[PDB]
Amino acid sequence: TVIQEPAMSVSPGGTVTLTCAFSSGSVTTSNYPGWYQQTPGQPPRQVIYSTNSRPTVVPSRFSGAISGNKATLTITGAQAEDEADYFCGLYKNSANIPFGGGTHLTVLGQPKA
Amino acid sequence: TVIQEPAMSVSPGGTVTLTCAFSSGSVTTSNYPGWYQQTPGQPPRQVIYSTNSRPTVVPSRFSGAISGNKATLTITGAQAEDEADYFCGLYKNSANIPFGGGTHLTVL
Amino acid sequence: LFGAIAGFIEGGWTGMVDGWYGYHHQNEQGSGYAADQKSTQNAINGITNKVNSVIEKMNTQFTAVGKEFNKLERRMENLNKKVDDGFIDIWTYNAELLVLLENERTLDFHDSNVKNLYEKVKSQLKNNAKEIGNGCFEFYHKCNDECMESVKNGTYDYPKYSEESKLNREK
Amino acid sequence: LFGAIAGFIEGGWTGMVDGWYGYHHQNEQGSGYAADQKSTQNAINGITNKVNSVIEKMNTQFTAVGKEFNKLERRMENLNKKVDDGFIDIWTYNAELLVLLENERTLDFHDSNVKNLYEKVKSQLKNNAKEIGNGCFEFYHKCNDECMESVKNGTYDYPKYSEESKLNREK
Amino acid sequence: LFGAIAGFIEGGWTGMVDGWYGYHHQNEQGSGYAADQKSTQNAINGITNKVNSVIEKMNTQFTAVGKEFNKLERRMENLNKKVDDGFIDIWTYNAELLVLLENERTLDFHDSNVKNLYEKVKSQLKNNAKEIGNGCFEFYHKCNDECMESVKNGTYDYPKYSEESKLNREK
Amino acid sequence: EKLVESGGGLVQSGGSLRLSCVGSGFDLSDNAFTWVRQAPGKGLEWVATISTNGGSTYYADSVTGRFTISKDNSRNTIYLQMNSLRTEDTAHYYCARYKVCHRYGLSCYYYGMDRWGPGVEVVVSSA
Amino acid sequence: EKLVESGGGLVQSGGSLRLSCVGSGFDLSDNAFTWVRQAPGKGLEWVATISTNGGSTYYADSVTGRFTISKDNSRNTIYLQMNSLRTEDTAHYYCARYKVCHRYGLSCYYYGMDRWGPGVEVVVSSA
Amino acid sequence: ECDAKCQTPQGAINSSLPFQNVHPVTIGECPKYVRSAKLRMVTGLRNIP
Amino acid sequence: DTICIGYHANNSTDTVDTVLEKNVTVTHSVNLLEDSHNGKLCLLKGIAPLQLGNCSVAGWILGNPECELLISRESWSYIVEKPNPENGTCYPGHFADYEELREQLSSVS
């Protein structure tokens with residue numbers, strides 16, 4: 001199964017990384033790690049398809065790569081519109097794409113309490 | 001089945017040859033012929049392993065060959081301590097190595 | 001040649017387009033296709049490896065085929081072409097004779113992939129199903145979508161349907 | 001290797017001379033041989049195509065192997081002899097290994113043809129006949145020349161002889 | 001691919017070290033391994049012949065690769081380099097693809113051997129044994145060491161055990 | 001190119017629903033589709049998928065035998081007929097379109113889903 | 001490097017015996033052993049063999065089901081348990097070690113027996 | 001202003017493929033020339049619709 | 001209730017040759033042979049060729065008067081010429097080791 005981190009935070013203009021790994025294996029380029037962004041009330045959007053390929057519409061702050069047998073999504077200069085849930089979809093020899101639990105990236109705009 | 005010669009004799013210092021053959025086939029290097037020497041009251045000793053290979057301890061008088069689709073053991077200069085029964089063990093595709101009847105070399 | 005393609009399965013299926021090998025089930029609930037993903041992916045990996053082995057195992061070096069010789073050195077020239085043509089001949093005899101063989105091999109490979117797929121389900125259904133020809137089976141009991149999903153997955157649970165199948169078969 | 005030739009069919013038949021694969025049948029009317037024309041023709045076509053592929057893929061150009069050099073150019077003679085020796089070595093190795101592999105492929109092809117014939121007749125007869133070895137089937141009923149002609153042709157009519165077979169099988 | 005190795009027989013046996021293909025019997029007297037010596041020996045002979053054919057078929061002639069040319073003969077340094085590079089490329093490609101294909105052939109050969117052994121024991125036991133999966137059998141009667149030795153040897157003597165097998169099977 | 005989902009709501013246990021998704025901006029005859037669900041307090045879970053021509057159909061092992069995904073090309077609609085619903089079926093359902101991949105003449109499921117839908121909240125209960 | 005045999009003697013018909021061979025000078029863990037008998041007035045006959053690990057065991061067609069050869073690596077011993085003895089089992093028994101060969105990762109028996117033991121005389125008289 | 005690996009007297013051969021039949025005379029890392037008109041390797045299976 | 005095992009077919013008309021049968025229609029194929037070219041000269045190893053225009057190697061290296069439009073080049077991968085150059089050696093004569101010089105000047109660092 002796919003394991004992600006429950007929640008992470010980043011200050012505006014800061015670079016952050018999100019990880020995606022298998023419970024009992026390694027993630028290679030043949031797993032085609034896709035990254036989907038989901039904001040509340042709106043359809044999920046494919047931020048990344050394949051290891052690093054990015055759609056035109058998606059801003060270029062989002063890049064991805066396989067590092068240490070783990071898929072990674074890097075957001076350099078996180079703006080305020082990148083506060084969403086990020087899901088990692090891997091390919092395992094079937095149309096059944098296993099999804100991660102989800103990572104809630106919180107772009108900090110208030111002092112911590 | 002392996003067929004040898006019930007008994008043969010040789011005078012001291014004379015060369016002798018012992019033969020070993022299959023009942024219904026030919027003996028080749030793929031059969032890995034082996035020659036064992038059995039003196040009464042003592043364990044048998046592998047005089048020759050493979051067609052011609054010989055252990056270091058074994059005297060140099062013993063030599064092995066394949067001739068006329070038959071395995072042959074030659075003793076050049078048979079001494080009085082070579083008076084034993086000689087057995088031919090061949091390899092037939094399995095762990096069941098067939099043994100010959102045995103040749104009793106009587107040094108006169 | 002294993003006798004499964006153009007053998008006891010005469011023709012292919014145009015409706016099953018998302019795989020190379022698959023199942024076609026028919027129930028009271030409904031009929032449908034389902035491509036076998038695992039075997040298709042393994043075959044795709046194998047074919048890709050074969051294509052890449054043929055393509056990327058030819059690494060050459062920077063050479064400049066072509067030389068200039070005047071009238072006074074014809075032997076020189078006649079040697080050069082004897083090299084060039086020679087190399088061409090070898091390659092023209094290898095590549096042409098290479099592809100052919102692998103083509104045959106590939107057409108065997110897919111056949112095996114079908115045949116094993118037919119055998120596996122056989123060993124799963126046993127006497128619970130009857131071979132009706134055309135390389136497929138008719139059940140002696142009532143299989144719902146769960147039964148056929150289990151057959152495709154690889155876990156049929158033979159004992160559970162054994163008694164009803166026996167009752168219906170002994171007729 | 002498929003296990004038919006030098007397998008569960010140990011020996012060949014000298015009386016069957018008009019084909020490579022065939023049938024031997026025994027009735028009350030009489031015994032006889034009958035070669036399978038379709039499979040034999042397909043095998044002949046494949047073998048002819050393989051031999052033609054090996055032979056007619058070698059298309060060479062008009063060449064004159066052999067040069068003359070004086071003693072003042074020994075490098076020239078040595079280079080020419082290196083070219084000739086390299087071509088001879090490449091061709092000898094390639095041809096010998098290629099024949100070696102194609103012989104095995106052809107023998108496996110014939111074995112596959114025989115095993116497919118056996119499997120076809122086995123699937124056709126089902127439990128109306130029992131396998132006895134040597135690629136032979138003993139019928140559970142009375143097959144005249146029509147029955148075994150239907151078996152050879154490919155249309156056995158299993159139900160028609162079914163019930164009688166059962167009466168003779170549960171004996 | 002014949003579907004035996006990594007097919008319906010998932011794993012190998014570390015405890016059977018004196019052969020490639022064997023049997024594992026479990027009785028009231030005890031359990032043990034026994035390698036099939038005949039099939040293993042035939043496979044070893046085939047593999048030895050394959051290796052020897054690859055190795056002992058490169059018959060080369062005495063040559064000296066390497067020539068010295070001054071700056072006034074650059075076309076010939078280039079032609080010599082062309083000949084050398086061409087031969088190196090040909091041999092690299094041929095050797096690599098050759099080993100790549102024979103590896104597949106050897107794996108298929110071992111798979112065929114295992115599959116043929118399984119088919120032989122299956123056809124020998126007929127309906128006196130049940131296919132319990134994992135590519136092996138469970139008897140419907142009590143087999144002592146003589147029965148298993150007979151199965152391995154090749155003479156099972158089915159009608160000796162048919163009646164008790166029928167009694168225990170129709171339960 | 002947008003997908004709009006509809007047809008879900010509050011249904012009693014053991015009932016049935018028919019979720020529908022309409023795609024505007026493209027043709028369904030050459031794309032493969034899927035229905036995915038997010039349970040409350042859980043991650044995204046695959047539910048069903050349908051191939052490019054509608055011939056092939058795959059279902060999750062938990063909903064097999066009760067869900068039926070179909071395609072109507074004339075209306076440009078994808079239907080998920082859900083029958084014999086249980087309490088575990090409470091979720092937010094998304095209809096997604098697989099990205100076009102072609103491996104050796106076959107349609108793919110490699111790259112994932114490019115166009116998703118807003119989602120429809122389906123809730124069941126026995127109160 | 002010598003093998004010493006023991007445990008033989010006079011036994012009644014239908015009885016049992018446990019012949020034992022102890023090897024001094026080597027470890028049995030990497031050697032395959034065998035028991036071979038010589039009948040009075042006949043040649044040597046292979047009785048049983050055990051492989052290097054001990055998993056594989058082979059018996060002659062005449063002594064199958066009645067003989068069991070086992071290995072004890074801790075005590076460096078080779079045991080031949082003979083049961084249901086008959087008058088045809090009277091012989092001089094030898095324990096021998098196969099010469100070490102390795103063909104393609106396997107342990108063969110091509111080269112024959114390199115070390116032998118003096119042997120033990122076993123006699124089975126009905127009366 | 002391209003960047004090719006092989007050049008022929010009619011144009012460049014941008015090839016990852018192992019064989020070519022454009023021109024025997026070439027400059028650079030180039031596929032081997034063959035006197036063949038069609039060398040297609042089957043990836044799928046037989047078409048029997 | 002039946003479950004049937006089959007394989008894949010499509011509308012492809014591609015044909016391949018096989019050692020046993022010729023002209024076998026297959027669902028997909030890959031070309032191992034390139035039959036097309038760019039139709040234009042392009043750089044090799046990142047270094048452009050030295051274009052000579054209407055001149056030859058002899059005329060360019062001797063400095064033919066009508067060979068002045070040539071720009072200075074410090075390195076070229078190869079040389080491009082016209083099948084029959086016309087502005088070569090203006091004064092008639094023999095150029096010794098012309099082919100050797102052409103081979104030496106093919107590429108310079």
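We name chains A, B, ... by the order of the sequence lines, and we start the count at 1 in each one. The figures that follow rest on heavy atoms only: side chains count, while hydrogens, waters and symmetry mates do not.
Comparing G:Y111, G:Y109, G:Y58, G:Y110 by how many heavy-atom pairs each has under 4.5 Å with chain B, the most go to G:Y110.
Taking CG of G:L44 as the reference point, atom CD1 of B:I97 lies at 11.5 Å (rounded to 0.5 Å). The distance from the CZ atom of B:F87 to the CE atom of G:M113 is 13.0 Å, given to the nearest 0.5 Å.
Between B:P43 and G:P118, the shortest heavy-atom distance links the atoms CB-N, 3.8 Å. Shortest non-hydrogen contact noted between B:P44 and G:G117 is CD-O, 3.8 Å.
For G:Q38, the part sitting under 4.5 Å from any heavy atom of chain B is the side chain, from C-beta outward, and nothing else. Only the side chain of G:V36 comes within contact range of chain B, with heavy atoms under 4.5 Å apart. Interface residue B:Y32: backbone and side-chain heavy atoms are both found under 4.5 Å from chain G.
For CD of G:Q12, the number of neighbouring non-hydrogen atoms (other residues, nucleotides, ligands) closer than 6.0 Å is 12 at most. Counting non-hydrogen atoms of other residues, nucleotides and ligands closer than 6.0 Å to CD of G:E88 gives a total of 12 or fewer. For B:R61, the CZ atom sits in a packed shell: over 12 heavy atoms of surrounding residues, nucleotides or ligands are nearer than 6.0 Å.
G:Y94 places a side-chain heavy atom less than 4.5 Å from the side chain of B:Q38. Side-chain contact between G:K99 and B:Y49 is present, with at least one heavy-atom pair separated by less than 4.5 Å.
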